[PDB]
Amino acid sequence: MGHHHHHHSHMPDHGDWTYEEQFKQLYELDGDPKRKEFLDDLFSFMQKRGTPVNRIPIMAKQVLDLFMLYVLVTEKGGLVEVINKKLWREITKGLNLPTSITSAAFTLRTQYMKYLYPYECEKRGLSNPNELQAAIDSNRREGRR
């Protein structure tokens, strides 16, 4: 498995390639009706409020499965809840990601917040942007004395 020595960068992941392809891999993940519906409805929704998908973040050379990420986080109670539980270890493992990665919990927490958030608050009302900041700051204080 290997311990997290030093992240910074590696050989180009599949998300640093500038090509005019609509990220079809997300749809080709499952091939299920719910899969394409959520993804497309999401992209339109986030675009309307001025925050669409430019390029998708990569983890361990695989795509950050937006659909799967949203599923695991929402069933735990939403972004802020997951932050308050610090239980991101479950979120990574749910995407077949190695919890050994240095800032995995923080990286997912960032990318999710950017792309996957207005949907949980609008459709469900799970987390508010206000409680969110308090959650994050509480996570920040966990580092030094």
# chains A, B, ... in the order shown; residues from 1 in each chain; ligands from 1

$ closest_atom_pairs --of "range 97-118 of chain A" --to "range 126-142 of chain A" --cutoff "12 Å" --atoms "only C-alpha atoms" --output "JSON lines"
{"residue": "A:105", "atom": "CA", "partner": "A:139", "partner_atom": "CA", "distance": 10.5}
{"residue": "A:106", "atom": "CA", "partner": "A:139", "partner_atom": "CA", "distance": 9.3}
{"residue": "A:109", "atom": "CA", "partner": "A:136", "partner_atom": "CA", "distance": 9.1}
{"residue": "A:110", "atom": "CA", "partner": "A:136", "partner_atom": "CA", "distance": 10.0}
{"residue": "A:113", "atom": "CA", "partner": "A:132", "partner_atom": "CA", "distance": 9.4}
{"residue": "A:114", "atom": "CA", "partner": "A:129", "partner_atom": "CA", "distance": 11.7}
{"residue": "A:116", "atom": "CA", "partner": "A:127", "partner_atom": "CA", "distance": 11.7}
{"residue": "A:117", "atom": "CA", "partner": "A:127", "partner_atom": "CA", "distance": 8.3}
{"residue": "A:118", "atom": "CA", "partner": "A:127", "partner_atom": "CA", "distance": 9.2}

$ select_by_dssp --residues "chain A" --states "strand (DSSP E)" --output "JSON, numbers by chain"
{"A": [58, 59, 62, 63]}

$ residues_around --residues "residue 52 in chain A" --least-positions-apart "4" --cutoff "8 Å" --atoms "only C-alpha atoms" --output "mmCIF file with N, CA and C atoms, in the first residue's frame"
data_model
loop_
_atom_site.group_PDB
_atom_site.id
_atom_site.type_symbol
_atom_site.label_atom_id
_atom_site.label_comp_id
_atom_site.auth_asym_id
_atom_site.auth_seq_id
_atom_site.Cartn_x
_atom_site.Cartn_y
_atom_site.Cartn_z
ATOM 1 N N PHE A 43 -25.477 19.144 -13.825
ATOM 2 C CA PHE A 43 -24.676 20.053 -14.660
ATOM 3 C C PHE A 43 -25.484 21.281 -15.101
ATOM 4 N N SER A 44 -26.720 21.057 -15.544
ATOM 5 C CA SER A 44 -27.616 22.163 -15.904
ATOM 6 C C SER A 44 -27.901 23.060 -14.688
ATOM 7 N N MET A 46 -26.219 23.507 -11.722
ATOM 8 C CA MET A 46 -25.046 24.253 -11.246
ATOM 9 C C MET A 46 -24.637 25.358 -12.241
ATOM 10 N N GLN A 47 -24.877 25.118 -13.528
ATOM 11 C CA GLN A 47 -24.586 26.106 -14.577
ATOM 12 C C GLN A 47 -25.515 27.332 -14.478
ATOM 13 N N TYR A 115 -18.365 21.612 -6.645
ATOM 14 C CA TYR A 115 -19.277 21.057 -7.658
ATOM 15 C C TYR A 115 -20.561 20.480 -7.030
#

$ closest_residue --among "A:71, A:119, A:26, A:1" --to "residue 41 in chain A" --atoms "only C-alpha atoms"
A:119

$ atom_distance --atom1 "CA of residue 35 in chain A" --atom2 "CA of residue 60 in chain A"
22.3 Å

$ closest_residue --among "A:11, A:42, A:53, A:87" --to "residue 23 in chain A" --atoms "only C-alpha atoms"
A:53

$ residues_around --residues "residue 104 in chain A" --least-positions-apart "2" --cutoff "12 Å" --atoms "only C-alpha atoms" --output "JSON, numbers by chain"
{"A": [4, 7, 57, 58, 59, 60, 64, 86, 87, 88, 89, 90, 91, 92, 93, 95, 97, 98, 99, 100, 101, 102, 106, 107, 108, 109, 110, 111, 112]}

$ write_last_selection --atoms "N, CA, C and O atoms" --output "CSV table (one decimal), in the first residue's frame"
chain,number,residue,atom,x,y,z
A,4,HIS,N,1.9,7.7,2.9
A,4,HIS,CA,1.9,9.0,2.2
A,4,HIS,C,3.2,9.8,2.5
A,4,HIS,O,3.3,10.4,3.5
A,7,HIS,N,3.0,14.1,-1.6
A,7,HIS,CA,2.0,14.2,-2.7
A,7,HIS,C,2.5,15.1,-3.8
A,7,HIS,O,3.0,14.6,-4.8
A,57,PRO,N,-11.7,16.7,-11.1
A,57,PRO,CA,-10.5,16.3,-10.3
A,57,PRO,C,-10.3,14.8,-10.3
A,57,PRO,O,-11.2,14.0,-10.3
A,58,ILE,N,-9.0,14.4,-10.4
A,58,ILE,CA,-8.6,13.0,-10.4
A,58,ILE,C,-8.0,12.6,-9.0
A,58,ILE,O,-7.2,13.4,-8.4
A,59,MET,N,-8.2,11.4,-8.6
A,59,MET,CA,-7.6,10.8,-7.4
A,59,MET,C,-7.2,9.4,-7.7
A,59,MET,O,-7.9,8.5,-8.1
A,60,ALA,N,-5.9,9.1,-7.4
A,60,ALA,CA,-5.3,7.8,-7.6
A,60,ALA,C,-5.4,7.3,-9.1
A,60,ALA,O,-5.7,6.1,-9.4
A,64,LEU,N,-12.8,11.3,-10.1
A,64,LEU,CA,-13.6,11.5,-8.9
A,64,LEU,C,-15.1,11.3,-9.2
A,64,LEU,O,-15.8,12.2,-9.7
A,86,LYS,N,-15.7,14.0,10.6
A,86,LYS,CA,-14.4,13.8,10.1
A,86,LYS,C,-14.2,12.4,9.5
A,86,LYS,O,-13.1,11.9,9.3
A,87,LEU,N,-15.3,11.8,9.1
A,87,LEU,CA,-15.4,10.4,8.7
A,87,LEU,C,-15.1,10.2,7.2
A,87,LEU,O,-15.4,9.2,6.6
A,88,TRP,N,-14.4,11.1,6.6
A,88,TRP,CA,-14.1,11.1,5.2
A,88,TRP,C,-13.4,9.8,4.8
A,88,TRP,O,-13.4,9.4,3.6
A,89,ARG,N,-12.8,9.1,5.7
A,89,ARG,CA,-12.2,7.8,5.5
A,89,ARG,C,-13.2,6.8,4.8
A,89,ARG,O,-12.8,6.0,4.0
A,90,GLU,N,-14.5,6.9,5.2
A,90,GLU,CA,-15.5,6.1,4.6
A,90,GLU,C,-15.9,6.6,3.2
A,90,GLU,O,-16.1,5.7,2.3
A,91,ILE,N,-15.8,7.9,3.0
A,91,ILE,CA,-16.1,8.5,1.6
A,91,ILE,C,-15.0,8.0,0.6
A,91,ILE,O,-15.4,7.6,-0.5
A,92,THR,N,-13.7,8.1,0.9
A,92,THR,CA,-12.7,7.6,0.1
A,92,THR,C,-12.8,6.2,-0.3
A,92,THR,O,-12.8,5.8,-1.4
A,93,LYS,N,-12.9,5.3,0.8
A,93,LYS,CA,-13.1,3.9,0.6
A,93,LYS,C,-14.3,3.5,-0.2
A,93,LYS,O,-14.3,2.6,-1.0
A,95,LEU,N,-15.3,5.1,-2.7
A,95,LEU,CA,-15.0,5.3,-4.1
A,95,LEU,C,-13.8,4.5,-4.5
A,95,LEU,O,-13.2,4.7,-5.6
A,97,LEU,N,-11.0,4.5,-3.2
A,97,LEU,CA,-9.8,5.3,-3.0
A,97,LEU,C,-9.0,4.9,-1.7
A,97,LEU,O,-9.6,4.5,-0.7
A,98,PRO,N,-7.7,4.9,-1.8
A,98,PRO,CA,-6.8,4.6,-0.7
A,98,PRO,C,-6.8,5.7,0.4
A,98,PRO,O,-6.3,6.8,0.1
A,99,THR,N,-7.2,5.4,1.6
A,99,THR,CA,-7.2,6.3,2.7
A,99,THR,C,-5.8,6.8,3.1
A,99,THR,O,-5.6,7.6,4.0
A,100,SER,N,-4.8,6.1,2.6
A,100,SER,CA,-3.4,6.4,2.8
A,100,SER,C,-3.0,7.8,2.3
A,100,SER,O,-2.0,8.4,2.7
A,101,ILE,N,-3.7,8.3,1.2
A,101,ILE,CA,-3.5,9.6,0.6
A,101,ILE,C,-3.4,10.7,1.7
A,101,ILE,O,-4.3,10.8,2.5
A,102,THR,N,-2.4,11.6,1.6
A,102,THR,CA,-2.2,12.6,2.6
A,102,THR,C,-3.4,13.5,2.8
A,102,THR,O,-4.0,13.4,3.9
A,106,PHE,N,-9.3,16.4,2.8
A,106,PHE,CA,-9.4,17.8,2.5
A,106,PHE,C,-9.7,18.1,1.1
A,106,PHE,O,-10.4,19.0,0.7
A,107,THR,N,-9.1,17.4,0.2
A,107,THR,CA,-9.2,17.5,-1.3
A,107,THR,C,-10.6,17.2,-1.7
A,107,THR,O,-11.3,18.0,-2.5
A,108,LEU,N,-11.2,16.1,-1.3
A,108,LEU,CA,-12.6,15.7,-1.5
A,108,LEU,C,-13.5,16.8,-1.0
A,108,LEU,O,-14.5,17.2,-1.6
A,109,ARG,N,-13.2,17.2,0.3
A,109,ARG,CA,-14.0,18.3,1.0
A,109,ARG,C,-14.1,19.6,0.1
A,109,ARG,O,-15.1,20.3,0.1
A,110,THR,N,-13.0,19.9,-0.5
A,110,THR,CA,-12.9,21.1,-1.4
A,110,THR,C,-13.7,20.9,-2.7
A,110,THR,O,-14.5,21.7,-3.0
A,111,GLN,N,-13.3,19.8,-3.4
A,111,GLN,CA,-13.9,19.5,-4.8
A,111,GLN,C,-15.5,19.3,-4.7
A,111,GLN,O,-16.2,19.9,-5.5
A,112,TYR,N,-15.9,18.6,-3.7
A,112,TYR,CA,-17.3,18.4,-3.4
A,112,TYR,C,-18.0,19.7,-3.2
A,112,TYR,O,-19.0,20.0,-3.9

$ closest_residue --among "A:145, A:76, A:124, A:55" --to "residue 19 in chain A" --atoms "only C-alpha atoms"
A:55

$ residues_around --residues "residue 14 in chain A" --least-positions-apart "3" --cutoff "8 Å" --atoms "only C-alpha atoms" --output "JSON, numbers by chain"
{"A": [17, 58, 61, 62, 63]}

$ write_last_selection --atoms "N, CA and C atoms" --output "PDB file, in the first residue's frame"
ATOM      1  N   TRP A  17      -5.663  16.641 -19.208  1.00  0.00           N
ATOM      2  CA  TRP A  17      -5.606  16.523 -20.670  1.00  0.00           C
ATOM      3  C   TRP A  17      -6.679  17.399 -21.332  1.00  0.00           C
ATOM      4  N   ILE A  58      -8.978  14.443 -10.352  1.00  0.00           N
ATOM      5  CA  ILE A  58      -8.589  13.028 -10.377  1.00  0.00           C
ATOM      6  C   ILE A  58      -7.957  12.596  -9.041  1.00  0.00           C
ATOM      7  N   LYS A  61      -5.286   8.279 -10.032  1.00  0.00           N
ATOM      8  CA  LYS A  61      -5.363   8.030 -11.486  1.00  0.00           C
ATOM      9  C   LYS A  61      -6.778   7.665 -11.984  1.00  0.00           C
ATOM     10  N   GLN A  62      -7.774   7.675 -11.097  1.00  0.00           N
ATOM     11  CA  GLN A  62      -9.174   7.496 -11.518  1.00  0.00           C
ATOM     12  C   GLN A  62      -9.958   8.803 -11.346  1.00  0.00           C
ATOM     13  N   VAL A  63     -11.050   8.946 -12.088  1.00  0.00           N
ATOM     14  CA  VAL A  63     -11.903  10.128 -11.972  1.00  0.00           C
ATOM     15  C   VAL A  63     -12.632  10.157 -10.622  1.00  0.00           C
TER      16      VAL A  63
END

$ atom_distance --atom1 "CA of residue 31 in chain A" --atom2 "CA of residue 49 in chain A"
27.8 Å
